[PDB]
>>> print(open('query.tsv').read())   # TSV, C-alpha atoms and all ligand atoms
chain	number	residue	atom	x	y	z
A	3	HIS	CA	-26.25	30.96	32.24
A	4	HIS	CA	-29.85	32.18	31.62
A	5	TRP	CA	-31.43	28.76	30.80
A	6	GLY	CA	-34.51	27.64	32.80
A	7	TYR	CA	-37.93	25.96	32.44
A	8	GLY	CA	-39.99	28.99	31.25
A	9	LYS	CA	-41.45	29.46	27.76
A	10	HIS	CA	-38.65	31.84	26.92
A	11	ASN	CA	-35.67	29.89	28.30
A	12	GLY	CA	-36.91	26.30	28.63
A	13	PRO	CA	-35.85	23.01	27.06
A	14	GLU	CA	-36.73	24.02	23.49
A	15	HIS	CA	-34.21	26.90	23.73
A	16	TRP	CA	-31.29	25.07	25.35
A	17	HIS	CA	-29.68	23.94	22.09
A	18	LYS	CA	-28.76	27.50	21.16
A	19	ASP	CA	-26.21	27.71	23.99
A	20	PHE	CA	-25.68	23.94	24.46
A	21	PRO	CA	-25.75	22.34	21.00
A	22	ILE	CA	-25.27	18.88	22.52
A	23	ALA	CA	-28.97	19.20	23.39
A	24	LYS	CA	-29.56	17.64	19.93
A	25	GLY	CA	-26.90	14.95	20.45
A	26	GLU	CA	-26.86	11.18	20.10
A	27	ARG	CA	-27.25	10.16	23.76
A	28	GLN	CA	-29.50	12.75	25.41
A	29	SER	CA	-31.67	12.20	28.45
A	30	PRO	CA	-34.31	11.68	29.64
A	31	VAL	CA	-36.03	9.14	27.35
A	32	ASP	CA	-39.27	7.23	27.25
A	33	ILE	CA	-38.83	3.68	28.50
A	34	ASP	CA	-40.86	1.43	26.24
A	35	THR	CA	-41.29	-1.58	28.51
A	36	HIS	CA	-42.07	-3.99	25.69
A	37	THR	CA	-38.91	-3.04	23.73
A	38	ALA	CA	-36.47	-3.04	26.66
A	39	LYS	CA	-34.69	-6.38	26.71
A	40	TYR	CA	-33.87	-8.37	29.80
A	41	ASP	CA	-30.09	-8.67	30.03
A	42	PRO	CA	-29.25	-11.69	32.21
A	43	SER	CA	-25.61	-10.51	32.28
A	44	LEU	CA	-26.54	-7.43	34.32
A	45	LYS	CA	-25.70	-7.75	37.98
A	46	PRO	CA	-27.79	-6.73	40.98
A	47	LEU	CA	-27.26	-3.15	41.98
A	48	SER	CA	-25.14	-2.57	45.06
A	49	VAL	CA	-26.40	0.54	46.85
A	50	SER	CA	-24.10	1.08	49.85
A	51	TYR	CA	-25.39	4.14	51.70
A	52	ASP	CA	-24.83	2.96	55.31
A	53	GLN	CA	-21.98	5.47	55.82
A	54	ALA	CA	-23.54	8.41	53.94
A	55	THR	CA	-22.71	11.85	55.30
A	56	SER	CA	-25.24	14.44	54.20
A	57	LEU	CA	-24.15	18.04	54.72
A	58	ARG	CA	-26.39	20.73	53.32
A	59	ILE	CA	-29.50	21.44	51.27
A	60	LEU	CA	-29.37	24.16	48.61
A	61	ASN	CA	-31.97	25.86	46.43
A	62	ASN	CA	-29.97	26.47	43.24
A	63	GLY	CA	-32.74	28.15	41.24
A	64	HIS	CA	-33.53	25.00	39.25
A	65	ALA	CA	-34.17	22.42	42.00
A	66	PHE	CA	-32.86	21.74	45.50
A	67	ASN	CA	-29.80	19.57	46.11
A	68	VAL	CA	-29.07	17.55	49.21
A	69	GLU	CA	-25.28	17.43	49.20
A	70	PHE	CA	-23.02	14.73	50.60
A	71	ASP	CA	-19.41	14.40	51.68
A	72	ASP	CA	-17.87	12.73	48.64
A	73	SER	CA	-14.25	13.18	49.73
A	74	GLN	CA	-14.15	9.44	50.64
A	75	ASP	CA	-16.01	6.25	49.63
A	76	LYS	CA	-18.84	6.69	52.15
A	77	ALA	CA	-22.01	6.31	50.07
A	78	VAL	CA	-21.36	4.43	46.84
A	79	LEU	CA	-23.13	2.74	43.95
A	80	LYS	CA	-21.56	-0.33	42.32
A	81	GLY	CA	-22.67	-3.36	40.37
A	82	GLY	CA	-25.51	-3.43	37.91
A	83	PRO	CA	-24.18	-2.15	34.57
A	84	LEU	CA	-21.33	-0.32	36.28
A	85	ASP	CA	-17.60	-0.98	36.32
A	86	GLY	CA	-15.95	0.34	39.42
A	87	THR	CA	-17.12	2.58	42.22
A	88	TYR	CA	-19.35	5.66	41.97
A	89	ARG	CA	-19.58	8.08	44.90
A	90	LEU	CA	-22.81	9.83	45.85
A	91	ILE	CA	-22.36	13.61	45.51
A	92	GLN	CA	-25.97	14.88	45.77
A	93	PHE	CA	-29.59	14.11	45.17
A	94	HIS	CA	-32.38	16.28	43.85
A	95	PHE	CA	-35.83	16.00	42.30
A	96	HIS	CA	-37.79	17.15	39.28
A	97	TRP	CA	-41.52	17.68	39.72
A	98	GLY	CA	-44.65	19.10	38.17
A	99	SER	CA	-47.31	21.70	38.80
A	100	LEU	CA	-49.89	18.88	39.04
A	101	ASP	CA	-49.61	15.18	39.79
A	102	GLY	CA	-49.94	14.12	36.11
A	103	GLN	CA	-46.52	15.45	35.15
A	104	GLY	CA	-43.12	16.06	36.69
A	105	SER	CA	-40.92	13.11	35.87
A	106	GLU	CA	-38.20	13.31	33.24
A	107	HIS	CA	-38.14	9.68	32.23
A	108	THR	CA	-41.47	8.20	31.22
A	109	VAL	CA	-42.67	4.59	31.17
A	110	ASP	CA	-44.75	3.68	28.13
A	111	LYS	CA	-45.33	7.45	27.88
A	112	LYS	CA	-46.64	7.62	31.48
A	113	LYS	CA	-45.39	10.65	33.40
A	114	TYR	CA	-44.99	10.36	37.16
A	115	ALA	CA	-45.53	13.25	39.59
A	116	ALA	CA	-41.82	13.59	40.25
A	117	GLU	CA	-38.45	11.91	39.82
A	118	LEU	CA	-35.55	11.61	42.29
A	119	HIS	CA	-31.98	11.64	40.94
A	120	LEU	CA	-29.20	10.26	43.14
A	121	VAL	CA	-26.06	11.52	41.39
A	122	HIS	CA	-22.79	9.58	41.60
A	123	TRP	CA	-19.38	10.00	39.98
A	124	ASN	CA	-16.80	7.41	38.95
A	125	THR	CA	-13.87	7.54	41.36
A	127	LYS	CA	-11.42	6.48	38.64
A	128	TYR	CA	-11.62	10.09	37.40
A	129	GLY	CA	-10.75	11.69	40.74
A	130	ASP	CA	-13.29	14.52	40.84
A	131	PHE	CA	-16.77	15.25	39.50
A	132	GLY	CA	-15.56	17.89	37.03
A	133	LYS	CA	-13.23	15.38	35.39
A	134	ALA	CA	-15.88	12.65	35.51
A	135	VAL	CA	-18.42	14.68	33.52
A	136	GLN	CA	-15.93	14.80	30.61
A	137	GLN	CA	-16.05	10.98	30.29
A	138	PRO	CA	-18.69	8.69	28.72
A	139	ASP	CA	-18.75	6.58	31.89
A	140	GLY	CA	-18.18	9.43	34.35
A	141	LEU	CA	-21.51	9.48	36.19
A	142	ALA	CA	-24.18	7.08	37.32
A	143	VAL	CA	-27.56	8.58	38.16
A	144	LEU	CA	-30.06	6.43	40.02
A	145	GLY	CA	-33.54	7.61	39.05
A	146	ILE	CA	-36.61	6.84	41.15
A	147	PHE	CA	-40.16	7.73	40.21
A	148	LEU	CA	-42.56	9.34	42.69
A	149	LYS	CA	-46.31	8.76	42.61
A	150	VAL	CA	-48.83	10.47	44.88
A	151	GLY	CA	-50.53	8.30	47.47
A	152	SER	CA	-49.32	7.42	50.95
A	153	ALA	CA	-46.61	9.55	52.56
A	154	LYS	CA	-42.96	8.53	52.33
A	155	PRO	CA	-41.71	8.81	55.94
A	156	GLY	CA	-38.07	9.10	54.89
A	157	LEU	CA	-38.88	12.12	52.73
A	158	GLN	CA	-40.44	14.18	55.53
A	159	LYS	CA	-37.18	15.64	56.86
A	160	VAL	CA	-36.53	17.04	53.40
A	161	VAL	CA	-40.06	18.45	53.10
A	162	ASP	CA	-39.91	20.20	56.44
A	163	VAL	CA	-36.69	22.11	55.70
A	164	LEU	CA	-37.92	23.54	52.38
A	165	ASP	CA	-39.51	26.61	54.02
A	166	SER	CA	-35.98	27.63	55.02
A	167	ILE	CA	-34.63	27.46	51.43
A	168	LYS	CA	-37.59	28.97	49.61
A	169	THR	CA	-35.58	31.08	47.19
A	170	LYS	CA	-32.61	30.66	44.89
A	171	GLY	CA	-29.25	30.79	46.66
A	172	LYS	CA	-30.55	29.83	50.10
A	173	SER	CA	-29.09	26.83	51.90
A	174	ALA	CA	-29.46	25.13	55.25
A	175	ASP	CA	-27.63	22.56	57.31
A	176	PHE	CA	-28.81	19.08	56.41
A	177	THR	CA	-26.64	16.66	58.36
A	178	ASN	CA	-27.52	13.12	59.44
A	179	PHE	CA	-30.03	12.40	56.67
A	180	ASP	CA	-30.26	8.77	55.54
A	181	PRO	CA	-30.99	8.54	51.79
A	182	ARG	CA	-31.89	4.85	52.18
A	183	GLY	CA	-35.32	6.10	53.31
A	184	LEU	CA	-35.99	7.32	49.76
A	185	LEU	CA	-35.64	3.92	48.06
A	186	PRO	CA	-38.43	1.54	47.08
A	187	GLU	CA	-38.38	-2.10	48.15
A	188	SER	CA	-37.19	-3.51	44.82
A	189	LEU	CA	-33.98	-2.58	43.02
A	190	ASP	CA	-35.16	-3.90	39.64
A	191	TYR	CA	-34.07	-1.37	37.03
A	192	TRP	CA	-33.71	-0.27	33.43
A	193	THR	CA	-30.39	1.10	32.22
A	194	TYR	CA	-29.15	3.00	29.17
A	195	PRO	CA	-26.35	5.45	28.26
A	196	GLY	CA	-27.39	9.09	28.41
A	197	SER	CA	-26.71	12.59	29.58
A	198	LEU	CA	-27.23	15.23	32.23
A	199	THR	CA	-30.82	16.41	31.87
A	200	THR	CA	-29.96	20.09	32.43
A	201	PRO	CA	-27.33	22.24	30.78
A	202	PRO	CA	-24.54	21.54	30.09
A	203	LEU	CA	-26.29	18.29	28.95
A	204	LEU	CA	-23.00	16.38	28.91
A	205	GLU	CA	-23.18	12.82	27.59
A	206	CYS	CA	-21.47	11.28	30.60
A	207	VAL	CA	-24.23	9.36	32.46
A	208	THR	CA	-25.05	5.69	32.89
A	209	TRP	CA	-28.74	5.94	33.75
A	210	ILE	CA	-30.20	3.41	36.17
A	211	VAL	CA	-33.97	3.91	36.53
A	212	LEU	CA	-35.80	1.84	39.12
A	213	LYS	CA	-39.00	0.10	38.01
A	214	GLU	CA	-40.79	0.48	41.35
A	215	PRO	CA	-41.92	4.04	42.18
A	216	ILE	CA	-42.00	5.38	45.70
A	217	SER	CA	-45.24	6.80	47.09
A	218	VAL	CA	-45.30	10.31	48.54
A	219	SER	CA	-48.30	12.17	49.91
A	220	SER	CA	-50.10	15.05	48.26
A	221	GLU	CA	-48.98	17.22	51.19
A	222	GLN	CA	-45.35	16.29	50.59
A	223	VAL	CA	-45.37	17.19	46.89
A	224	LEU	CA	-47.42	20.33	47.57
A	225	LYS	CA	-44.50	21.56	49.67
A	226	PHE	CA	-42.09	20.99	46.76
A	227	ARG	CA	-44.37	23.27	44.74
A	228	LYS	CA	-44.06	26.12	47.26
A	229	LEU	CA	-40.37	26.59	46.47
A	230	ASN	CA	-39.31	29.50	44.25
A	231	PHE	CA	-37.11	29.71	41.15
A	232	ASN	CA	-36.51	33.39	41.97
A	233	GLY	CA	-34.22	34.89	44.55
A	234	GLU	CA	-35.35	36.64	47.71
A	235	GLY	CA	-36.85	40.06	47.07
A	236	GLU	CA	-37.95	39.17	43.53
A	237	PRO	CA	-41.50	38.48	42.33
A	238	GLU	CA	-42.58	34.95	43.05
A	239	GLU	CA	-42.11	32.30	40.36
A	240	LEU	CA	-43.11	28.96	41.82
A	241	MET	CA	-40.58	26.17	41.33
A	242	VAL	CA	-42.73	23.74	39.38
A	243	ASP	CA	-42.33	21.87	36.09
A	244	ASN	CA	-38.52	21.76	36.35
A	245	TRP	CA	-38.35	18.68	34.11
A	246	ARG	CA	-36.95	18.15	30.62
A	247	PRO	CA	-39.21	16.07	28.31
A	248	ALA	CA	-38.21	12.80	26.72
A	249	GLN	CA	-35.56	13.01	24.00
A	250	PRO	CA	-35.00	10.78	20.96
A	251	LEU	CA	-33.62	7.36	21.81
A	252	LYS	CA	-31.58	7.23	18.57
A	253	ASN	CA	-29.08	4.36	18.42
A	254	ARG	CA	-29.55	3.12	21.99
A	255	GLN	CA	-31.01	0.09	23.69
A	256	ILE	CA	-32.59	0.15	27.11
A	257	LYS	CA	-31.76	-2.98	29.09
A	258	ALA	CA	-33.82	-4.45	31.94
A	259	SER	CA	-32.36	-6.19	34.98
A	260	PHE	CA	-35.52	-8.25	35.43
A	261	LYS	CA	-37.66	-10.61	33.38
B	301	LIG	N1	-28.99	28.88	27.66
B	301	LIG	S1	-30.38	28.96	26.72
B	301	LIG	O1	-31.51	28.07	27.06
B	301	LIG	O2	-30.07	28.58	25.29
B	301	LIG	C1	-31.00	30.65	26.78
B	301	LIG	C2	-30.17	31.71	27.11
B	301	LIG	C3	-30.70	32.99	27.14
B	301	LIG	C4	-32.04	33.20	26.85
B	301	LIG	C5	-32.66	34.59	26.87
B	301	LIG	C6	-33.10	35.01	28.27
B	301	LIG	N2	-34.14	36.04	28.25
B	301	LIG	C7	-35.47	35.71	27.72
B	301	LIG	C8	-36.34	35.26	28.91
B	301	LIG	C9	-36.20	34.03	29.57
B	301	LIG	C10	-37.19	34.03	30.60
B	301	LIG	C11	-37.85	35.26	30.46
B	301	LIG	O3	-37.31	35.93	29.47
B	301	LIG	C12	-33.95	37.39	28.78
B	301	LIG	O4	-34.87	38.14	28.74
B	301	LIG	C13	-32.64	37.89	29.41
B	301	LIG	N3	-32.82	38.27	30.82
B	301	LIG	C14	-33.69	37.36	31.55
B	301	LIG	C15	-33.21	35.91	31.41
B	301	LIG	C16	-33.28	35.09	32.70
B	301	LIG	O5	-32.33	35.14	33.54
B	301	LIG	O6	-34.28	34.36	32.90
B	301	LIG	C17	-31.54	38.34	31.53
B	301	LIG	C18	-30.62	39.48	31.07
B	301	LIG	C19	-30.75	40.78	31.86
B	301	LIG	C20	-30.28	41.97	31.30
B	301	LIG	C21	-30.41	43.15	31.97
B	301	LIG	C22	-30.97	43.12	33.22
B	301	LIG	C23	-31.43	41.97	33.81
B	301	LIG	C24	-31.32	40.79	33.13
B	301	LIG	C25	-32.86	32.13	26.53
B	301	LIG	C26	-32.34	30.85	26.49
B	302	LIG	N1	-30.68	15.99	36.36
B	302	LIG	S1	-29.23	15.19	36.33
B	302	LIG	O1	-28.94	14.65	35.00
B	302	LIG	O2	-29.17	14.20	37.42
B	302	LIG	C1	-27.98	16.42	36.72
B	302	LIG	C2	-27.90	17.59	35.99
B	302	LIG	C3	-26.95	18.56	36.29
B	302	LIG	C4	-26.06	18.36	37.31
B	302	LIG	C5	-25.09	19.52	37.60
B	302	LIG	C6	-23.62	19.22	37.61
B	302	LIG	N2	-22.93	20.49	37.86
B	302	LIG	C7	-22.78	21.44	36.78
B	302	LIG	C8	-21.55	20.99	36.02
B	302	LIG	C9	-20.25	20.99	36.53
B	302	LIG	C10	-19.44	20.47	35.47
B	302	LIG	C11	-20.34	20.21	34.43
B	302	LIG	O3	-21.56	20.51	34.81
B	302	LIG	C12	-22.39	20.75	39.18
B	302	LIG	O4	-22.53	19.93	40.03
B	302	LIG	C13	-21.65	22.07	39.48
B	302	LIG	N3	-21.10	22.14	40.84
B	302	LIG	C14	-21.20	23.51	41.32
B	302	LIG	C15	-22.61	23.92	41.74
B	302	LIG	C16	-23.16	23.05	42.85
B	302	LIG	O5	-23.19	21.80	42.66
B	302	LIG	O6	-23.58	23.56	43.94
B	302	LIG	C17	-19.67	21.84	40.85
B	302	LIG	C18	-19.35	20.43	40.36
B	302	LIG	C19	-17.87	20.04	40.50
B	302	LIG	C20	-16.92	20.50	39.60
B	302	LIG	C21	-15.60	20.12	39.74
B	302	LIG	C22	-15.21	19.27	40.77
B	302	LIG	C23	-16.16	18.83	41.67
B	302	LIG	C24	-17.49	19.21	41.54
B	302	LIG	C25	-26.13	17.19	38.06
B	302	LIG	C26	-27.08	16.20	37.76
B	303	ZN	ZN	-31.93	15.53	37.72
>>> encode(input="query.tsv", output="structure tokens", more="lines below")
Ligand SMILES: NS(=O)(=O)c1ccc(CCN(Cc2ccco2)C(=O)CN(CCC(=O)O)CCc2ccccc2)cc1
Ligand SMILES: NS(=O)(=O)c1ccc(CCN(Cc2ccco2)C(=O)CN(CCC(=O)O)CCc2ccccc2)cc1
Ligand SMILES: [Zn+2]
Amino acid sequence: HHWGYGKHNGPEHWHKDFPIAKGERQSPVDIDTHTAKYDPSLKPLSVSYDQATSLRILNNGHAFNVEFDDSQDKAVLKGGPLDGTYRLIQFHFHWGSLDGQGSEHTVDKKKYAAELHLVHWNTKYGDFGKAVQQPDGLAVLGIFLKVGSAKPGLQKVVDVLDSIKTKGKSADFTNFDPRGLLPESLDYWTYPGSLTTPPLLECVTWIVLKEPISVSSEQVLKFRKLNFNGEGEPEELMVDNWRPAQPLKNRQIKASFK
């Protein structure tokens, strides 16, 4: 795999090794708020993270993942548009080189500074690798970040990043509560889509929260000090690791709220 976010290996090149990049349900997308229809049949989300067990934080060369114990139903997402139970496996972010870009989804073409993805897999498929082969295999909860006041629940993440500066580095990251990354409201938009990085599999029910979280300039500046490169290689700052909006095609975005 030699895909990335550079001019020579970025999103416009991905289709050559991953032809599904030009598929019928690719993500992210622009959320046109006036065209999304309230669906009164959608249920409230059930975010049940009380028993979450975080384990480790990894710089994988594309972002950093906070990984969870998903060998039992400890942190799960249910309800909303979902049938059944989806286990939290990891979260990560996408962010920009400046505050005016970074998110993958957009809202009436507005780009946020960053976007958090809480990744969950449908337990009816037994493991994540099986789930990604199914149209309802994953549920990703997407949360926009804007720059303003600090997010206290993000600080423990920010302060460990110095220890995973380069690709392949990891660190213990136990006892982290992902509930501190949520906004107050769970109002959301939802639509069927894909992974936003290769292999771009069309296996995701996207649930994008309407309310952004606020993070401080200092917090996002620390994201931007990470490296795409490995240790002992010339520095390539980990910034602009977002895929732009893709064609909506034959899909409808539904809103949980009027
Ligand atoms: N899956 S895809 O999107 O369709 C996709 C896959 C491959 C490429 C080409 C990658 N390119 C262009 C590039 C991209 C960024 C800069 O230059 C390279 O030059 C190859 N080279 C650096 C690629 C890399 O690892 O970044 C690695 C091979 C190599 C050989 C010998 C010694 C060391 C390394 C582009 C897109
Ligand atoms: N931005 S996004 O849309 O939210 C989004 C985009 C990409 C991914 C990546 C998913 N991938 C790559 C992948 C795997 C299969 C297809 O694709 C992995 O997680 C790979 N992982 C190893 C590297 C690692 O995780 O350390 C193993 C996953 C696994 C396989 C089998 C059983 C259990 C777990 C997640 C969310
Ligand atoms: Zn993501």
>>> residues_near_ligand(input="query.tsv", ligand="ligand ZN 303 (chain B)", cutoff="9 Å", atoms="all atoms listed in the file", output="PyMOL selection string")
chain A and resi 65+93-96+106+117-121+143+145+198-200+245
>>> atom_distance(input="query.tsv", atom1="atom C23 of ligand LIG 301 (chain B)", atom2="CA of residue 68 in chain A")
29.0 Å
>>> residues_near_ligand(input="query.tsv", ligand="ligand LIG 301 (chain B)", cutoff="9 Å", atoms="all atoms listed in the file", output="compact mmCIF listing (two decimals) with C-alpha atoms, keeping the file's coordinate frame")
# COMPACT_ATOMS: atom_id res chain seq x y z
CA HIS A 3 -26.25 30.96 32.24
CA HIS A 4 -29.85 32.18 31.62
CA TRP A 5 -31.43 28.76 30.80
CA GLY A 6 -34.51 27.64 32.80
CA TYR A 7 -37.93 25.96 32.44
CA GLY A 8 -39.99 28.99 31.25
CA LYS A 9 -41.45 29.46 27.76
CA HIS A 10 -38.65 31.84 26.92
CA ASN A 11 -35.67 29.89 28.30
CA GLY A 12 -36.91 26.30 28.63
CA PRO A 13 -35.85 23.01 27.06
CA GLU A 14 -36.73 24.02 23.49
CA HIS A 15 -34.21 26.90 23.73
CA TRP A 16 -31.29 25.07 25.35
CA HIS A 17 -29.68 23.94 22.09
CA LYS A 18 -28.76 27.50 21.16
CA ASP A 19 -26.21 27.71 23.99
CA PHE A 20 -25.68 23.94 24.46
CA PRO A 21 -25.75 22.34 21.00
CA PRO A 201 -27.33 22.24 30.78
CA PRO A 202 -24.54 21.54 30.09
>>> residues_around(input="query.tsv", residues="residue 155 in chain A", least_positions_apart="2", cutoff="10 Å", atoms="only C-alpha atoms", output="ChimeraX atom specification")
/A:152-153,157-159,183-184,217-219,222
>>> closest_residue(input="query.tsv", among="A:156, A:247, A:151, A:83", to="ligand LIG 302 (chain B)", atoms="all atoms listed in the file")
A:247
>>> residues_around(input="query.tsv", residues="residue 173 in chain A", least_positions_apart="4", cutoff="8 Å", atoms="only C-alpha atoms", output="number ranges by chain")
A: 58-61, 166-167
>>> write_last_selection(input="query.tsv", atoms="C-alpha atoms", output="mmCIF file, in the frame of the given file")
data_model
loop_
_atom_site.group_PDB
_atom_site.id
_atom_site.type_symbol
_atom_site.label_atom_id
_atom_site.label_comp_id
_atom_site.auth_asym_id
_atom_site.auth_seq_id
_atom_site.Cartn_x
_atom_site.Cartn_y
_atom_site.Cartn_z
ATOM 1 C CA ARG A 58 -26.390 20.730 53.320
ATOM 2 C CA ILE A 59 -29.500 21.440 51.270
ATOM 3 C CA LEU A 60 -29.370 24.160 48.610
ATOM 4 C CA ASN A 61 -31.970 25.860 46.430
ATOM 5 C CA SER A 166 -35.980 27.630 55.020
ATOM 6 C CA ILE A 167 -34.630 27.460 51.430
#
>>> residues_around(input="query.tsv", residues="range 54-56 of chain A", least_positions_apart="4", cutoff="8 Å", atoms="all atoms listed in the file", output="list in words")
residues 68, 69, 70, 71, 76, 77, 176, 177, 178, 179, 180 and 181 of chain A
>>> residues_around(input="query.tsv", residues="residue 80 in chain A", least_positions_apart="4", cutoff="8 Å", atoms="all atoms listed in the file", output="count of residues only")
8
>>> residues_near_point(input="query.tsv", point="(-23.8, -6.0, 39.9)", cutoff="6 Å", atoms="all atoms listed in the file", output="PyMOL selection string")
chain A and resi 45-47+81-82
>>> closest_residue(input="query.tsv", among="A:29, A:227, A:123, A:172", to="residue 239 in chain A", atoms="all atoms listed in the file")
A:227
>>> closest_residue(input="query.tsv", among="A:237, A:132, A:171, A:98", to="ligand LIG 302 (chain B)", atoms="only C-alpha atoms and all ligand atoms")
A:132
>>> atom_distance(input="query.tsv", atom1="CA of residue 241 in chain A", atom2="CA of residue 23 in chain A")
22.5 Å
>>> atom_distance(input="query.tsv", atom1="atom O2 of ligand LIG 302 (chain B)", atom2="CA of residue 105 in chain A")
11.9 Å
>>> closest_residue(input="query.tsv", among="A:38, A:206, A:115, A:189", to="ligand LIG 302 (chain B)", atoms="only C-alpha atoms and all ligand atoms")
A:206
>>> closest_residue(input="query.tsv", among="A:107, A:225, A:257, A:187", to="residue 31 in chain A", atoms="all atoms listed in the file")
A:107
>>> closest_residue(input="query.tsv", among="A:250, A:223, A:136, A:192", to="residue 39 in chain A", atoms="only C-alpha atoms")
A:192
>>> residues_around(input="query.tsv", residues="residue 78 in chain A", least_positions_apart="6", cutoff="6 Å", atoms="only C-alpha atoms", output="number ranges by chain")
A: 50, 88-90
>>> axis_aligned_box(input="query.tsv", around="range 111-129 of chain A", padding_each_side="6 Å", output="AutoDock Vina command-line options")
--center_x -28.7 --center_y 10.0 --center_z 35.5 --size_x 47.9 --size_y 19.1 --size_z 27.3
